[PDB]
């Protein structure tokens, strides 16, 4: 039964439901794809390129198996990198990556082999012959992707998005406004950034107003490219009321290597968030908040590869509710907000929070949590406290095209398995199941973000 028809499906009801939704087009509110690569439409050369070269999950697991970096991010050939992953792939059994990579192979290349030393070479060769006919745009069309949203920096000119709107066929590729750098006054680089922003937008950014003026122009810049959302990464959401003169003072201090106090950083951040909210009210943008990623926990990884290189963890010790309280009461009914949490242990907080504010939505299982297990828990749980029906929608969070489909498949099977179970336990009539499941997989998120 490996990756077969009833993969992840445990009841008959689940199977009708999945059959009802499997061919719905993919709507992807958030991913880490680059538009330039779609516009250039260049094939891939290797399964390594496609599957491991830019997947930090793969790097992690690979390191967790005792495979030196030579073959992870280092200077060994793709083919060698590939052979090592396969050598060790059977130890990944149980973890979503094991399933995703195989799903790509079976659904995209139609190579139904199981990965291991024994199979490594035959798979490498079979994929090499097939990779050429494969292009992003061909893949986008094959996987029925209707809309994508990438994550972009306020400073970006959105050039490729422009070109994609022009020439890319049946996909809508929207940018998403992520102003985290702007917000992070603790980051070395903040100043260079604040300096770049004034440059690109024509503003005295060494002043808060000028920087805000620059952020607003950035936001308008994004509006004009069909953008409908802001993504925000926060460890401990701490939003309270922050005076402009204090904000102004801190902002100016920041331009002069002052080690700012925690209060200064916090005040600065609380303030910037309220301003992102104001900006987004004026455009009716969905405000996504990704809470709880402790980043660059692992020093050696930071100093060597830097961010997003495999050393971020979650922590359970976070004041969520009292930290969002001001923001949420402030934009109550005025702003669509979607909440994500990295520690599933915090679902209840966000879930109850969403139960009490019609403008707030619970996101899909986020990072370490997007796994059949996490999806089962996240959904069953969320269904019993708010409404499954308002789930913001599946998010690929993917760095690689092939994932899209397989990621989308996994999600829909699990969601359809979850509802199936409830249908068979007699909690949900089949009719409304069929409707619930369709809404969540497509109509709902489409309506919400677009």
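Residue numbers count along the first chain shown, from 1.
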{"property": "Of 276 to 284 and 257 to 265, the one with larger mean CA B-factor", "result": "257 to 265"}
{"property": "Between 184 to 192 and 170 to 178 (mean CA B-factor, as deposited), the higher", "result": "184 to 192"}
{"property": "Criterion, highest CA B-factor; candidates, 152, 224, 125, 118", "result": "224"}
{"property": "Selection by C-alpha B-factor (highest) of 422, 38, 382, 27", "result": "38"}
{"property": "Position of residue 33 among the chain's modelled residues by C-alpha B-factor, lowest, middle or highest third", "result": "highest"}
{"property": "Modelled-residue ranking by C-alpha temperature factor, third containing residue 333", "result": "middle"}
{"property": "Third of chain Cα B-factors occupied by residue 44", "result": "highest"}
{"property": "Relative C-alpha B-factor of residue 60, binned into the chain's lowest, middle or highest third", "result": "lowest"}
{"property": "Chain thirds of CA B-factor: placement of residue 201", "result": "highest"}
